[PDB]
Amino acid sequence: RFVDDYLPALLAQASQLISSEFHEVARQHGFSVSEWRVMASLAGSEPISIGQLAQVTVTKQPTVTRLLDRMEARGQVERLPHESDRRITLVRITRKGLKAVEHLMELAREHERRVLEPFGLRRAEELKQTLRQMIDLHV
């Protein structure tokens, strides 16, 4: 059966199952999926471009732009000009956004620890290294 060992299908199913588990927690804490992805991706970051944010959150750029409109209205993020090119808008999390998401981020780390514990440290680090290398080759 073709799909049983087809890498893109395996990645898509694993990603959906793992992320959907945490989504229930995020909503119980008042976050939508996309709000969580944006704030988690900006936490601890220097300002990044809207395009970079769209890539890392796996969200279409027009969707991200509308999302940032409302999150900036709520004081959770800030958009800023690029210091050279003004094709580029940069975005950062605010202190208000960080305080809003830090507890959820701890719960996310615990969730990931539970997901990876059956595989052991070696298999977990191998998985993360392979995924990171794949991203950097394909982005």
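We number the residues from 1 along the sequence you see.
J.: Looking at the other compared entries that model residues on both sides of it, is residue 49 unmodelled in at least a third of them?
T.: In none of the comparable entries (those modelling both sides of it) is residue 49 left without coordinates.
J.: Among the other compared PDB entries, is residue 87 dropped in a third or more?
T.: Across the compared entries, residue 87 is left out in at least a third.
J.: Of 100 to 108 and 83 to 91, which one has the bigger average CA B-factor?
T.: On average, C-alpha B-factors are higher across 83 to 91.
J.: Would 119 to 127 or 5 to 13 have the larger average of its C-alpha temperature factors, as given in the entry?
T.: Averaging CA B-factors over each stretch, the winner is 119 to 127.
J.: When you compare the CA B-factors of 26, 40, 48, 56 as listed in the entry, which one comes out on top?
T.: If I rank 26, 40, 48, 56 by C-alpha B-factor, first place goes to 48.
J.: In terms of the chain's CA B-factor thirds, is residue 135 lowest, middle or highest?
T.: Residue 135: CA B-factor falls in the lowest third of its chain.
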